[PDB]
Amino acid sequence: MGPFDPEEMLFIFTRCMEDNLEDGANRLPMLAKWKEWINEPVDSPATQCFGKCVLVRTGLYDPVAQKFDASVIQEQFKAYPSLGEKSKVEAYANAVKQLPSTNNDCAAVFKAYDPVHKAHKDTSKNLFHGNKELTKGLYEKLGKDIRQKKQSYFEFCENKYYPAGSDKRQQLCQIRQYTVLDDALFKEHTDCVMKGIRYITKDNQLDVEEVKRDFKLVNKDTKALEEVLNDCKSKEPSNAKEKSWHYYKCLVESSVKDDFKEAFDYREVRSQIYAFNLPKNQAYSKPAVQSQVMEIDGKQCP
C-alpha cells in the first residue's frame, strides 16, 4: 500500500492519534509528545495502540504474518531518495528485518518496535514525512497537485477538475448540491473525492467501515447504510475507473441519501484540518456544519 506521500502519512498519523489519544488530563501532554515522534509514555496502552496503529497502516507491521516488514522502508526510500542516506536507510531496514515474529497485540508490537524507533528516529522521521522542513519543501514543490495542509480535500479535487477561471467552474454549483453527473470528468472527480476521504481504497475497493465512521460521527445508525451498500456492491461495474462514482451515485440516490449528505458534509469540514479532533474531540452539531458548508458553496459557486 506504500509508498506514502506527505498527505497520506498525515492522514495515517492524525487518524491513529484520533483513535488512540486518551480523553481528559493526559490528552494534550500525549499529543504534544506524539506529534514530535516522542512515543511516550511507553507504559501507556494509548501510546502502545497508537504505535501499533501507525505500524499497521504503513505496513511496517503485518498482523496477518505476525511479523514486521522492512520492504515498506525500501519502497519509501525508492519513492523519496532525497529523504534518506542509503547507509542509514539500510541500517533502519536491517533493524526491522531482524525483529522477531511478534504477536498482534498493542503492547507486543510497540515493545518490539520501540528500540528500532529510538535507534533510527531521524531516519524514519525523514523518510515518512515527519521532518517539518523537508515536508514543507515537498508540499511547495507539489503545490496544487497534492492536498495541502489546511485545505479541504473536496476543494483540492474541485480545483483539479473544475478549475477556477475555466468554463468548467460553473458546474460546481450543481455538483455541490449532490447532482450526480454522468460524464468522464465527473467520474474522475468523484474518484478523487471518494479515495481522498477513504471510502474507496488506494486498491479501488469499497471501505464500508470508513463510510460507517462518518455516519456515526453525525449520530446516525448504520444498519440501513450497510443494507444499501450491500445492494450497491452487487451492482459494482467492471470498469475500475467507474467504481468510486458508482458508490457515490448509489448512496445519493438511496434510502439513506439525507443521512449520507449530512455525513459527507461533516466529513468535508473535517477534511479541511486533519487534526480536527486532536486537541479535544469535538461534539457534532448539525446547524454549525450547515453554516460552514453553505459558505463554501458560495465560495466555489459565487
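All residue numbers refer to positions in the sequence shown, first residue = 1.
K.L.:
Among other entries of this protein with both neighbours modelled, does residue 14 go without coordinates in a third or more of them?
P.N.:
In none of the comparable entries (those modelling both sides of it) is residue 14 left without coordinates.
K.L.:
Find out whether the coordinates of residue 293 are absent in at least a third of the other compared PDB entries of the same protein.
P.N.:
That residue is missing from at least a third of the other compared entries.
K.L.:
So which stretch wins on mean C-alpha B-factor, 262-270 or 38-46?
P.N.:
Result: 38-46.
K.L.:
Per the record, averaged over C-alpha atoms, which has the higher B-factor: 213-221 or 130-138?
P.N.:
Comparing 130-138 with 213-221, the higher average CA B-factor belongs to 130-138.
K.L.:
For the listed residues 105, 90, 226, 145, which one has the largest C-alpha B-factor as given in the deposited model?
P.N.:
Out of 105, 90, 226, 145, the record gives the largest C-alpha B-factor to 105.
K.L.:
Grab the CA temperature factor for residue 282 from the record and place it in the lowest, middle or highest third of its chain.
P.N.:
Residue 282: CA B-factor falls in the highest third of its chain.
K.L.:
Can you work out whether the C-alpha temperature factor of residue 151 puts it in the lowest, middle or highest third of the chain?
P.N.:
Bottom third by C-alpha B-factor.
K.L.:
Should residue 190 be placed in the lowest, middle or highest third of its chain by the C-alpha B factor in the entry?
P.N.:
As the PDB entry reports it, the C-alpha B-factor of residue 190 lands in the lowest third of its chain.
K.L.:
Which third of the chain holds residue 54 when residues are ordered by C-alpha B factor: lowest, middle or highest?
P.N.:
Bottom third by C-alpha B-factor.
K.L.:
Please rank the C-alpha B-factors of the chain's modelled residues and tell me whether residue 289 sits in the lowest, middle or highest third.
P.N.:
Tercile = highest for this residue's CA B-factor.
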